[PDB]
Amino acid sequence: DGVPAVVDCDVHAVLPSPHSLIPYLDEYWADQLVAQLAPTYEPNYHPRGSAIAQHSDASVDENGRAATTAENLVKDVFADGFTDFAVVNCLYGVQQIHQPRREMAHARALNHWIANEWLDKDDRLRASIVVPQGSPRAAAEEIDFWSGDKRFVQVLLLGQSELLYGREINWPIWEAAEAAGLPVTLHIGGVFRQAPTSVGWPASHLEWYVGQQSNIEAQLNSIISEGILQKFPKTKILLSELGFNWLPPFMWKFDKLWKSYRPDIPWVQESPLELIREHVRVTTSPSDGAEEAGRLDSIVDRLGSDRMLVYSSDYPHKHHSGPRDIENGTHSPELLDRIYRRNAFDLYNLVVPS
């Protein structure tokens, strides 16, 4: 046995430039990239100049950018000794490469950059597997490929996809994640192949960012209704940097409609209430107001489970509230112990090393 470790469930590596992938590319794709004038798929999920991009306190490189080297990231994340492990997510936008073979090749190169330049440099680091979402069978092969490296602990998907993740064409990812024993995470961000809302394009980064919780409701309904949890019963889902306070009203409605419609999804024999409580976890940064007095206790209460929330700092993003400010929203030391240690143990099985 052993004590489950304090795992920071969501931190970010920022790719300095598309040039950084050249060492990991075949000569074919390296030539394409050099010939293409090296276009960068830096996303707009956290605009580099916006207030959310990085903390004022953060260690920067010669261009003022945070989190482009493991050295800068480790120096900040672990400085106070509270965290034992950090799960690294690189959100460089390979999922937005429309050419399917180029998306495959840059995704594998990104994972190679993570292994050699981040995971190799510090054993307190873990990462998710970036996958070529545009070709699920190729994404399954990208998962198989890294399944042998236990430093890769989850499968990364964006909150917005081309088709909902419950659709059968997406099952190869769920199957491969399950065979690799890896949770699948959904992180805010999208492929942007339809308008990010059912009513069109949001006009500001702020509006887009708040509203992405809506796509996560659609993904959880797709995943459960289509049978992913019956088909792949050991699936674990983590929602990363997507809030959590929207979950209870969504869960209540879904359960109400499941009862009114049970014959339409007969494979779903447990209540979605229970399935979500048992299979979905959620990082705590941002906290979206749960950090205020009593609000953490209230949300757990409304959620109906103290096993869902897992700790994260979202380094290096700036939020209105800090990684450990959630303590001001609960009076229960037992709950804080589940958020820091016990809930993440369900995802990664990380015990405190020595």
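By rigid core we mean the largest C-alpha set that fits within 1.5 Å across both forms. In case it trips you up, residue 1 is the first one in the sequence shown, and so on.
Rigid core superposition result in 4 other deposited structures of this protein, more deviant of 28-36, 59-67 by Cα: More C-alpha displacement in 4 other deposited structures of this protein shows up in 28-36.
So, looking at the entry's B-factor column for Cα atoms, which has the higher mean, 262-270 or 183-191? Averaged over C-alpha atoms, the B-factors run higher in 262-270.
In the PDB record, does 273-281 or 204-212 carry the higher mean Cα temperature factor? The entry gives the higher C-alpha B-factor average to 273-281.
Given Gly322, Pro47, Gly294, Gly304, the residue at which the Cα B factor reaches its maximum: Out of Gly322, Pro47, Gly294, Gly304, the record gives the largest C-alpha B-factor to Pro47.
Maximum C-alpha temperature factor, selected from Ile173, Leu238, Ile224, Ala79: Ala79 has the highest C-alpha B-factor of those listed.
Against its chain's modelled residues, does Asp57's Cα B factor rank lowest, middle or highest third? For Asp57, the deposited C-alpha B-factor lands in the highest third.
How does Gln219 rank on Cα B-factor within its chain, lowest, middle or highest third? Middle third by C-alpha B-factor.
How does the C-alpha B factor of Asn89 compare with the rest of the chain: lowest, middle or highest third? Lowest third - that is where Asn89 ends up once the chain's C-alpha B-factors are sorted.
Where does the C-alpha B-factor of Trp118 rank in its chain, lowest, middle or highest third? It falls in the top third of the chain.
Taking only the Cα B-factors deposited for this chain, tell me whether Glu162 sits in the lowest, middle or highest third. For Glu162, whose C-alpha B-factor we compare with every modelled residue in the chain, the answer is the lowest third.
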